[PDB]
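Worksheet: the structure to be examined is printed underneath.
Derivation of every value follows stated rules applied to the coordinates shown; laboratory data play no part. Positions of Cβ are backbone-derived with ideal geometry, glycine not excepted, and every protein chain shown enters the neighbour counts.
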Amino acid sequence: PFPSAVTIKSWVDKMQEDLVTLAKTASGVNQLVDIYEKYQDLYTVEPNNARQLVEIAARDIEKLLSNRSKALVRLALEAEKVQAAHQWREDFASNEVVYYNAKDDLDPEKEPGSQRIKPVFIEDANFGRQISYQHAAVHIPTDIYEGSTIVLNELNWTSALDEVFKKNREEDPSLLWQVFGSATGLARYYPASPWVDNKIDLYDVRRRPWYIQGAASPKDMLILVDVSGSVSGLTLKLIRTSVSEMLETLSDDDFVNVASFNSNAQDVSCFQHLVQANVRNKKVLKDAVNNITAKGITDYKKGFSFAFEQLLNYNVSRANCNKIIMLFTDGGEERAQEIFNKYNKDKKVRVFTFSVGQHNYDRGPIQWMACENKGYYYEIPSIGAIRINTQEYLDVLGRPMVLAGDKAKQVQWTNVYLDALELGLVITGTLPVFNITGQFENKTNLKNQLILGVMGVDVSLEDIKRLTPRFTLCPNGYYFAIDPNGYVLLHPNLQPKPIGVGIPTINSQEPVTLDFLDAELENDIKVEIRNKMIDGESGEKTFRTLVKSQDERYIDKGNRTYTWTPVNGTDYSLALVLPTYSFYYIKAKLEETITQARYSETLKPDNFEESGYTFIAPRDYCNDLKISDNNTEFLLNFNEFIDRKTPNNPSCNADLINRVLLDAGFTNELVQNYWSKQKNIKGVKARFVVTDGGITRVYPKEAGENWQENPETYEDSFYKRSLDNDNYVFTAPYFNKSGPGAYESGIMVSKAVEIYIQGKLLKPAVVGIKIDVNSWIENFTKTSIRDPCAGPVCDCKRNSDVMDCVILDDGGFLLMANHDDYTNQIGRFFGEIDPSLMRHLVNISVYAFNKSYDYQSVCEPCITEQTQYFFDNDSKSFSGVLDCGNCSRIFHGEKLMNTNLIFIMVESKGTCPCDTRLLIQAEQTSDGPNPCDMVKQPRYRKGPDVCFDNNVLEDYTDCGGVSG
Ligand SMILES: *[C@@H]1O[C@H](CO)[C@@H](O[C@@H]2O[C@H](CO)[C@@H](O[C@@H]3O[C@H](CO)[C@@H](O[C@@H]4O[C@H](CO)[C@@H](O)[C@H](O)[C@H]4NC(C)=O)[C@H](O)[C@H]3NC(C)=O)[C@H](O)[C@H]2NC(C)=O)[C@H](O)[C@H]1NC(C)=O
Ligand SMILES: *[C@@H]1O[C@H](CO)[C@@H](O[C@@H]2O[C@H](CO)[C@@H](O[C@@H]3O[C@H](CO)[C@@H](O)[C@H](O)[C@H]3NC(C)=O)[C@H](O)[C@H]2NC(C)=O)[C@H](O)[C@H]1NC(C)=O
Ligand SMILES: *[C@@H]1O[C@H](CO)[C@@H](O[C@@H]2O[C@H](CO)[C@@H](O)[C@H](O)[C@H]2NC(C)=O)[C@H](O)[C@H]1NC(C)=O
Ligand SMILES: *[C@@H]1O[C@H](CO)[C@@H](O[C@@H]2O[C@H](CO)[C@@H](O)[C@H](O)[C@H]2NC(C)=O)[C@H](O)[C@H]1NC(C)=O
Ligand SMILES: *[C@@H]1O[C@H](CO)[C@@H](O[C@@H]2O[C@H](CO)[C@@H](O)[C@H](O)[C@H]2NC(C)=O)[C@H](O)[C@H]1NC(C)=O
Ligand SMILES: *[C@@H]1O[C@H](CO)[C@@H](O)[C@H](O)[C@H]1NC(C)=O
Ligand SMILES: [Ca+2]
């Protein structure tokens, strides 16, 4: 009938024995272990005190941020003093102001008051661009004239900042950028570089997120759009565009909701109270306002009574300060005094009124509302005025923090965002600058309640990664830092790409905000740990977690130890993740000049012939040594460096070089002594070895070309996978790819090398075997079938018409099968080939599944969904009946004990028809979580506590109605 359980347990046992014996006696795990023990005294074991490493890194980050803050402080002081000393000239001799303008052609071969500079740019690898240190540059947006009186008057008093720009760089050479945004629109950054290279420049320094952060406090904005018969036509389009643009000026710390009202007010989107101005909530609001219609007869007394009620809802999270209402209308006759006298007598809610479009309605009432209720009045007559008339409310909002004196001047760091000058991921510290003309003597306070601008220095994430070395840990260990909003500052899965917002509809300005829980969301532990780090505490938590493999196909149930501590002085919280086996590391010895010689004579370009092709990790060892994408150039440069100097003395990383050469010696001794004895083996294609220390040695010469793995050891998916497993790990290859398939490269199986120095545990290397496909094909069809069993086939064969015999891994990917058509699809997900059996396996809990969302992904027409499968029963019997399509197929599943594979044998697939409903495991473009449900249960966050939203000294005469 069907093969018995004992027959299956013998067949799988024999296949196990064969594969495990071949892997153990071919890859030489025990031999390499013995080599590591018996070459002791060349290295020492050192602890990884997480409680000390995280503290040291936190202090380093604090010192970096204090260095970058002192420059801002002194720059702000100098700018304030110079502006106080300035004189308002209204007549220039056409050559009195001198600057670069950073946007002119370098070769004009040819103004009202300015004389241009022809500078010299050489190069700088620190920036990638061409820079000049002799002077700063100026960026004046296209819309604004470069020769108006106000611009030239600013150019004079901002020319003085160049000396301080130079001085700060002289103190700390690592400064990247030092920008001074101005309230008039121009910006001055110290390293003089041309502006960015369809080329119409829409940049405006008064709209960048750092300027907006430093110019005011977190807001509670409620946009009150007016829908009516009058606003139909062009006015509606202008209102739509204006609402979108003004939404673009909000930040993560700000809460916003959009309402509309023709005769009874209603929410324009699913949100009902208030939502954080994330990159998703803003998109939802933009779509809702873009799907709006104009009908009915305007009723202000209901719209305002609705807005004031939604600004009083305290059941939800909000910034709890700067409660401001925006009215986008055209014009009317009702001023609604009763509503304001009912809701806002103490005047705690600001009202800004906008008169959008070209009309002839009475604008008087809206100016009156903007005057009585503390605010300002705007007009948008065309598309070109939307940007300016929507970016100006920060000028009104910044008055109370100006009147606070030298108390609102605190350095505040922004979110991670891509630099405008193509520098990668950077964060910016902002410090406002106040107008203090006539401050020493008490005469002038008329215009002294507006900021001059916001200073800013950029620090790259590369510096912060430099402050947190990761080469003394295992590849599974890393650092990460979280701001109070939950977003990651450092994390290995944070990449320089904009955050996806939804499905890419058919037919670089946004911040890169990735929450911590978008690494592997675990309800029990990684939520409480996140909430503790956000609160600003320190602790340790050892727990059994799930880690997603680097290739994003496998999941391991490993043990990790989360240690965190706050970065005191700032708001970021640093944490360090360490597994149990990474509590110790091998520190190489000084050895002697002789050891360097023969440890270097192993990895020469002409020499990897009897030792196998040798890789090297592009880790910066020496300052002169340069990282190269191609491994051969790095190998040659490393050889010439280690030949030409000693490692330690010439201001190089002694530990890194010493450990690399120690690994080279150990691996060379291993490959020679053991692998050189047996040149060819029946079932292996390539013997490889990867060690912590950035060296890889594929023994066969012709097999070195097929090595598609990353030369960096700490970024190999198989290495990290094998580190977390105490047994042999089988890596499924790729299917339908332009590279070599699993017929000339082989199947990769790897085992983690384990050593016991003293009593401590260490896993410094991973060895493995590339299994020949054809040998295992001819071995699989003779150890499974009984010869004199029956007329009908009891088991499978090379072409089994009925019986199906496949072997899988712990990720659902197929490795072998009896049928030629099946084995032609090696590495393919078994759900695609046989969906019904996979679905039944999942239902009877054979492969657990749990999915994640990838936000930094690109799509061909974007958020992307992912799925990974693994074991969840750690048992062997696993017997059941499909009952598929009224054609029952009895199936038996057995798992090879030492390896991570499972042997599942079904009666047949083609004979019994079933539904297909293909079970795909590949990434699919899809919308993320529903924003409405997400905001119904918001995540934990801690908003800033400082806020300046009211002051009795503030002057309210500047209403905007009488001023134009
Ligand atoms: C920081 O604050 C200080 C003061 O607190 C500020 O300095 C003041 O700047 C204004 C210009 O914005 C000067 O205004 C004077 O007023 C006269 C009279 O109005 C102006 O002359 C004409 O004014 C009309 C409008 O009234 C206008 O068309 C145009 O400005 C002028 N027209 C013509 C044809 O000339 C001048 O603007 C100006 N007078 C002179 C002689 O320059 C104040 O005098 C300044 N106050 C002080 C004490 O210096 C300073 O700008 C603020 N910082 C920044 C960056 O703006
Ligand atoms: C904006 O343009 C202004 C006009 O040119 C500049 O102001 C001028 O700078 C000159 C220096 O190059 C001054 O000359 C000196 O002033 C001192 C005053 O203490 C006097 O001894 C002399 O006039 C002169 N001395 C020497 C040794 O040359 C001008 O007085 C001064 N003002 C003018 C010409 O009206 C500003 O420098 C420029 N803005 C900034 C921020 O520099
Ligand atoms: C949520 O906000 C509402 C008003 O915005 C608060 O008002 C209460 O609503 C519940 C709902 O049935 C009732 O107890 C009363 O209608 C209200 N109680 C009053 C006015 O005292 C409500 O209290 C808020 N939620 C919580 C949990 O406090
Ligand atoms: C940041 O500074 C604070 C001080 O405000 C540190 O907290 C103190 O740490 C010392 C030992 O380092 C303890 O003796 C004190 O009791 C701590 N004071 C507390 C907890 O209020 C904190 O350790 C520093 N953190 C880092 C990462 O440097
Ligand atoms: C995410 O995947 C994990 C991996 O199994 C799930 O953990 C188990 O899930 C099953 C049901 O899906 C439960 O019966 C088990 O009790 C879970 N194990 C533990 C230790 O909790 C998890 O449920 C999946 N879903 C979520 C939201 O995490
Ligand atoms: C901070 O600045 C001082 C001097 O300006 C410098 O010696 C120190 O290395 C800096 N710390 C950093 C860059 O972490
Ligand atoms: Ca109307």
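Restricting attention to the stretch 330-353, and to residues there that are in contact with a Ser or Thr (Cβ under 7 Å, 6 or more places away or on another chain) and within 12 Å of residue 226 (Cβ to Cβ), which single residue is surrounded by the most Cβ atoms within 10 Å (Cβ to Cβ)?
Checking each candidate, the answer is 330.
It is to be established whether one or more residues within the stretch 329-349 are within 26 Å of residue 940 (Cβ to Cβ) and either within 16 Å of ligand 6 (Cβ to nearest atom) or not in a loop (DSSP other than H, G, I, E, B) (or both). Quick ask: steps written out before the conclusion?
Of the stretch 329-349, the ones within 26 Å of residue 940 (Cβ to Cβ) are none.
Checked against the condition, which is being within 26 Å of residue 940 (Cβ to Cβ) and either within 16 Å of ligand 6 (Cβ to nearest atom) or not in a loop (DSSP other than H, G, I, E, B) (or both), the stretch 329-349 yields no hits at all.
Can you give me the ranges of the helices (runs of 4 or more DSSP H) entirely in the stretch 367-469 with at least 1 residues that are in contact with a helix residue (DSSP H, G or I) (Cβ under 9 Å, 6 or more places away or on another chain) and among the polar types (S, T, N, Q)? Explain how you work it out, then say what you get.
Values: elements: 386-390, 393-397, 399-403, 461-466.
Helices (runs of 4 or more DSSP H) meeting the threshold: 386-390.
Residue by residue through the stretch 252-297, note down the ones that are aliphatic (A, V, I, L, M), assigned to a loop (DSSP other than H, G, I, E, B) and within 19 Å of residue 939 (Cβ to Cβ).
Answer for the stretch 252-297, where residues must be aliphatic (A, V, I, L, M), assigned to a loop (DSSP other than H, G, I, E, B) and within 19 Å of residue 939 (Cβ to Cβ): 274, 277, 279.
Considering each residue of the stretch 269-306, count those that are more than 16 Å from ligand 7 (Cβ to nearest atom) and more than 23 Å from residue 934 (Cα to Cα), and give that number.
2
Are there any pairs, at least 6 apart or on different chains, whose C-beta atoms fall under 8 Å, with the first in the stretch 815-834 and surrounded by fewer than 19 Cβ atoms within 10 Å (Cβ to Cβ) and the second small (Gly, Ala, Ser), and if so, which?
If the second residue must be small (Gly, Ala, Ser), the pairs left are 827/732; 827/741; 827/742.
Could you check the stretch 851-888 and list, in sequence order, the residues that are among the aliphatic types (A, V, I, L, M) and in contact with a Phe, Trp or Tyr (Cβ under 8 Å, 6 or more places away or on another chain)?
Within the stretch 851-888, 863, 881, 882 meet the criteria.
Give the residues of the stretch 120-136 that are closer than 16 Å to residue 97 by Cβ and away from ligand 2 (no atom under 16 Å from the Cβ), sorted by residue number.
Correct list: empty.
Go over the candidates 76, 58 one by one and state the one that is more than 16 Å from ligand 1 (Cβ to nearest atom) and either surrounded by 15 or more Cβ atoms within 10 Å (Cβ to Cβ) or over 30 Å from residue 748 (Cβ atoms) (or both).
58
Rundown of residues vs (1) surrounded by 15 or more Cβ atoms within 10 Å (Cβ to Cβ); (2) assigned to a helix (DSSP H, G or I); (3) more than 16 Å from ligand 6 (Cβ to nearest atom), yes/no style:
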residue	(1), (2), (3)
142	no, no, yes
145	no, no, yes
156	yes, yes, yes
165	yes, yes, no
170	no, yes, no
194	yes, no, yes
198	no, no, yes
207	yes, no, yes
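When you go through 609, 552, 591 one by one, which is the residue that is within 21 Å of residue 474 (Cα to Cα) and either touching a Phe, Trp or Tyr at 6+ places or on another chain (Cβ under 7 Å) or more than 16 Å from ligand 6 (Cβ to nearest atom) (or both)?
Only one candidate passes the filter, namely 552.
Could you list, in sequence order, all residues of the stretch 901-917 that are part of a loop (DSSP other than H, G, I, E, B) and surrounded by 11 or more Cβ atoms within 10 Å (Cβ to Cβ)? If you could, list the steps in order and put the result at the bottom.
From the stretch 901-917, those part of a loop (DSSP other than H, G, I, E, B) are 901, 907-917; that's our starting set.
Once the filter is applied, which keeps residues that are part of a loop (DSSP other than H, G, I, E, B) and surrounded by 11 or more Cβ atoms within 10 Å (Cβ to Cβ), the stretch 901-917 yields 901, 907, 908, 909, 911, 912, 913, 914.
Name the pairs whose Cβ atoms lie under 7 Å apart, with the first residue in the stretch 305-334 and more than 24 Å from residue 293 (Cα to Cα), the second more than 16 Å from ligand 3 (Cβ to nearest atom) and in a helix (DSSP H, G or I), and 6 or more positions between them or separate chains?
Qualifying pairs under 7 Å: 322/397.
Select from the stretch 137-160 the residues that are under 15 Å from residue 103 (Cβ atoms) and out of contact with any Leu (no Cβ under 7 Å at 6 or more places or on another chain) and list them in ascending order.
Selection gives 137, 141, 142, 143, 144, 145, 146, 147, 155.
In the set 636, 578, 656, 603, which member is closer than 25 Å to residue 686 by Cβ and either small (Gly, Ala, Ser) or outside any loop (DSSP other than H, G, I, E, B) (or both)? So that I can check it myself, show each step before the final result.
On the way: 578 fails: closer than 25 Å to residue 686 by Cβ; 656 fails: closer than 25 Å to residue 686 by Cβ; 603 fails: either small (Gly, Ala, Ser) or outside any loop (DSSP other than H, G, I, E, B) (or both).
Selected residue: 636, the only one of 636, 578, 656, 603 that is closer than 25 Å to residue 686 by Cβ and either small (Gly, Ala, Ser) or outside any loop (DSSP other than H, G, I, E, B) (or both).
Suppose we keep only residues that are of a type in the set (D, E, K, R) and assigned to a strand (DSSP E or B) within the stretch 533-547. Which one would you say is farthest from ligand 2 (Cβ to nearest atom)?
First, pick out the residues of the stretch 533-547 that are of a type in the set (D, E, K, R): 535, 537, 540-541, 544.
When the remaining residues are screened for being assigned to a strand (DSSP E or B), the result is 540-541, 544.
On the way: 540: 55, 541: 56, 544: 64 Å.
Ranking the qualifying residues of the stretch 533-547, first place goes to 544.
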